[PDB]
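> below: the sequence, then the experimentally determined structure.
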Amino acid sequence: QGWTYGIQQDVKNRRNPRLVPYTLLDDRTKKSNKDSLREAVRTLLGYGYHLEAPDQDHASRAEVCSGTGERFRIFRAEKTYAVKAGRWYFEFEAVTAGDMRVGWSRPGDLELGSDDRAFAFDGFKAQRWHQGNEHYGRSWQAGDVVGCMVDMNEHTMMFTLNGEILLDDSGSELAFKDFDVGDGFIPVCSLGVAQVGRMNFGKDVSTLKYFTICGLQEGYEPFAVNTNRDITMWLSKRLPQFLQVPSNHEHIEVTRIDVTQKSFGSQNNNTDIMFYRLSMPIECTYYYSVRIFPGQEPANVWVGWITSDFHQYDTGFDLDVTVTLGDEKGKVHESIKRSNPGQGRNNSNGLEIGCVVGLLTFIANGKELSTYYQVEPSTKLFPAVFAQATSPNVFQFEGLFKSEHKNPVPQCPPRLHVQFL
Amino acid sequence: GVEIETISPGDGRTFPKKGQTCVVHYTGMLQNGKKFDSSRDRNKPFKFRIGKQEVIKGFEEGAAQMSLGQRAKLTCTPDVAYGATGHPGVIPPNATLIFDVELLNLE
Amino acid sequence: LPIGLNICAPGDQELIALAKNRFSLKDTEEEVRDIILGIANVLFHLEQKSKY
Amino acid sequence: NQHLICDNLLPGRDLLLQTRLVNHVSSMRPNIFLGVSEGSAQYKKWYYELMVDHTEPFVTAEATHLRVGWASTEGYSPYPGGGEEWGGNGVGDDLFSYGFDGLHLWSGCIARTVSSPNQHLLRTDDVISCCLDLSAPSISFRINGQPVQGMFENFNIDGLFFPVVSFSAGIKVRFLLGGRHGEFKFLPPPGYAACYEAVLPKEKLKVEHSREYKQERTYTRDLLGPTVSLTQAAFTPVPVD
């Protein structure tokens, strides 16, 4: 209807707080009616009503509970601040509890103890974490120092909870033991969402809460006892970017061979999505391909020429800038630059062609599908297309297109230059 | 040409004349926003007179098309700037230009 | 308190000076553990020293 | 031969290499969430104002920063550093965006002229108003009550966005929302609303600094963990039906 809510005019005034439901309101806006309702339903108990609640163990139907793993910010310190010898110790308070585990990492999304590059133990469950699960010590809550520590020479990893050295099922001080030093071990803190921590490496022995008990007399050192500076921290981040060459994925390979060709592809069921960004922008109608195996849509692909900015690797598909000039009137003008497909194949059906002169036509397999835009002030690009498949031979990768990236002219044959990775 | 644009003008009247050291604190730029010059960081205001042919004519025409106290966004072209030769080692061939000019005084 | 520290440390120290090692202690602790293995006097000595 | 070759390596200049140090800025917002899901809408026309005093480089470079044009957080996040758009870690950074700073909209370093007489920056004592337009994007601002035409189409409002303000150093301004705290010198025009209507209980609304990871901590280093938003489940309020 729009009772006092007509957004354009609001012909009748006196909007009220009640328009948003009683989730916002409370018994102060319900004492008049709810007492009558409660008297009525009490007399309906007088009728003899029978109704147990649905969300109880008795009437067992509450089956909409499950964990939510997301933004496990693995806080850290600098690799350069690593340690490979001597006794070290550092405290860690806690404002809450939850899926929240700390310890010692190694320089190497996968949480602590899932692989052989970190040692840690939880408080939600009181169990060790190194390449598996193992019970240890005791849980905690708010206002609980953990006080992890190592003796790097003889491998005595311990955790001192307000002076309490925590022990395993066998009742032993040494939680972890017999670890090779290698590239040292650095502090680390994992935190699921709606969990909070606060750390104190060695910044002030006064600010250290419980260090004189079990850290001072044992020859165990703070981290920042000598550093006259802000020791640094960093964390597993949200956006994806380009730094590394894998060559060690689930199963995907890189090479180059003559029109060009490479060698690629997995077998594990790639229900999820992948990433890519070529290292070298090569340069020496303009037909040149980029082939990918799953053709005639084993999974429906979504080809879109796109710039640097992204934020998502999930199934949020079909959710993607225009000049509109005014003349002191409001009527738009000069709207020619605006908004600054779903088919490819390799094996089953085709390939994916590039084109150049400003002028562009990215369409697969030589068939007109009405490309719309030709917008480019300037966009540096290496190829990056990402999609699903049913996992047959899951990926591949193939003047010409190698002409509009650098200063030489369009020329077909690209020559030998020692970097092509 | 010098397609002048203003940013925070002042009087709009005190235009320059011949033999007038335009005391500028400019901050040049390039297309694609790749910076190539400055004066704010040096803390050394530029100084040049009119008609002496010291500077490229873009700055001279921009000053003649400018009043005192007038922050601006000039826009030169290769015709007035270094052209298809280009200033070597800094400017490439056939480069448009941007300048966050700010005139202060005349002596 | 250091007075209480010296109070609890002296008795345990006199205990540990005699209870360091004994073959009779080994056999008697083995018989007791099989009936009910020596008690952890070193653990309690460390627990006292951590406070002291 | 050295001077020959030294003067020969330079003028290639595709070899030559570029850096550009940047002013350090930070965003800000009020405690309001947009939260407008389609189906149980509340107010698709909001209005709030901002009032300023000083924007001077007293000992700084004059390359300052002040914008209010809304950005796509489907395109942007509250981080302190990064991005190939010369950083400038604030509002209007992401290419699917714009930004109102008195004279122009720099759509990810793409200058787009705005239609307004008396073009000038957000100088001392100059008010900045905001409005809302979704179903056909022509999102309006005004400066001291004068026609800011040529508003923006095709910025991605596929769903919602987030309310923002960004500023560099050497700045001193004041929000205006309502009550005592909004002395609206230019009232809501027809079909709008002074945007202090979702003042929810359990807290007086205030600023939030765009879900910062850590402020200037002093006691120790506080790993203020993941608080993704008001709701880990989603970004939406609950009309019960």
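Thanks, I have the structure now. Residues are numbered from 1 along each chain as shown, chains lettered A, B, ... in the order given.
> going forward, measure contacts and count neighbours with C-alpha atoms only.
Fine.
> what about the residue in chain B that chain D sits nearest to, which SS state?
Closest contact between chain B and chain D, by CA to the nearest CA, is at residue B:89 (4.2 Å). With DSSP: H, G, I helix; E, B strand; the rest coil as the basis, residue B:89 sits in coil.
> and it, how many residues sit next to it?
When neighbours are counted by other CA atoms under 10 Å in any protein chain shown, residue B:89 registers 15.
> tell me the contacts of the closest residue to residue B:85 other than its chain neighbours?
Nearest residue to residue B:85 in three dimensions, chain neighbours excluded: residue B:93, at 5.6 Å (CA to CA, 6 or more residues apart in numbering or on different chains). Counting by CA atoms under 8 Å, 6 or more residues apart in numbering or on different chains, residue B:93 makes contact with B:82, B:83, B:84, B:85, B:86.
> do that again at 10 Å, thanks
Applying CA atoms under 10 Å, 6 or more residues apart in numbering or on different chains to residue B:93 gives the contacts B:78, B:82, B:83, B:84, B:85, B:86, B:87.
> name the nearest of these relative to residue A:136.
residue B:87 (70.4 Å; CA to CA).
> what about that closest one, distance to residue B:56?
12 Å (CA to CA, to the nearest Å).
> any residues in contact with both of the two?
residue B:81.
> which bits of the stretch 51-200 of chain A sit near chain D?
Within the stretch 51-200 of chain A, the positions near chain D by CA under 10 Å from any CA of the partner chain are A:68, A:70-76, A:92-95, A:100, A:189-200.
> what helix or strand is the nearest residue to residue A:405 once chain neighbours are set aside on?
Ranked by CA to CA, 6+ apart and with sequence neighbours excluded, the top spatial neighbour of residue A:405 is residue A:283, at 6.1 Å. Residue A:283 belongs to no helix or strand when elements are defined using DSSP states H and E.
> does residue A:283 touch residue A:400 like I think?
Yes: Residue A:283 lies in contact with residue A:400 (CA atoms under 10 Å); the separation is 9.4 Å.
> what do those two both touch?
The contact lists of residue A:283 and residue A:400 share A:410, A:411, A:412, A:413, A:414, where a contact means CA under 10 Å, 6+ apart.
> what is the burial count for the second one?
Around residue A:411 there are 14 other residues, counting by other CA under 10 Å.
> please report how far the closest residue to it other than its chain neighbours lies from residue B:91.
Closest residue to residue A:411 in three dimensions, ignoring its sequence neighbours and counting by CA to CA, 6+ apart: residue A:399, at 3.7 Å. Counting by CA to CA, the gap from residue A:399 to residue B:91 is 28 Å.
> distance between the helix or strand containing residue A:32 and the chain's centre?
In this assignment (DSSP H and E), residue A:32 forms part of helix A:31-47. Counting by CA atoms, centre = their mean, to the nearest Å, helix A:31-47 is centred 50 Å from the centre of its parent chain.
> now that helix: buried residues?
By 16 or more other CA atoms under 10 Å in any protein chain shown, helix A:31-47 has no buried positions at all.
> tell me if that helix is near chain D.
No: Helix A:31-47 stays clear of chain D (CA under 10 Å from any CA), getting no nearer than 17.5 Å.
> who touches that helix?
Contacts for helix A:31-47 (CA under 10 Å, 6+ apart): A:27, A:48, A:49, A:50.
> right, and the helix or strand after that helix?
Criterion used, DSSP H and E; the element after helix A:31-47 is strand A:75-76.
> what helices and strands are in contact with the top strand by length along chain A?
In chain A, taking DSSP state E as the definition, the longest strand is strand A:87-94. Judged by 3 or more CA pairs under 10 Å, 6 or more residues apart in numbering or on different chains; DSSP states H and E, strand A:87-94 is in contact with strand A:101-105, strand A:148-151, strand A:158-161, strand A:186-189, strand A:197-200.
> touching, residue A:55 and residue A:65? I think so.
No: using CA under 10 Å, residue A:55 makes no contact with residue A:65, being 11.3 Å away.
> show me what residue 105 is bridged to.
With no chain named, the answer covers chain A. Following DSSP bridges, residue A:105 is listed with bridge partners residue A:118, residue A:186.
> that was the other one, I meant chain B.
With DSSP bridges as the rule, residue B:105 is bridged to residue B:23.
> give me the number of residues near it?
Neighbours around residue B:105, by other CA under 10 Å: 16.
> swap in residue A:61?
Count around residue A:61 with other CA under 10 Å applied: 11.
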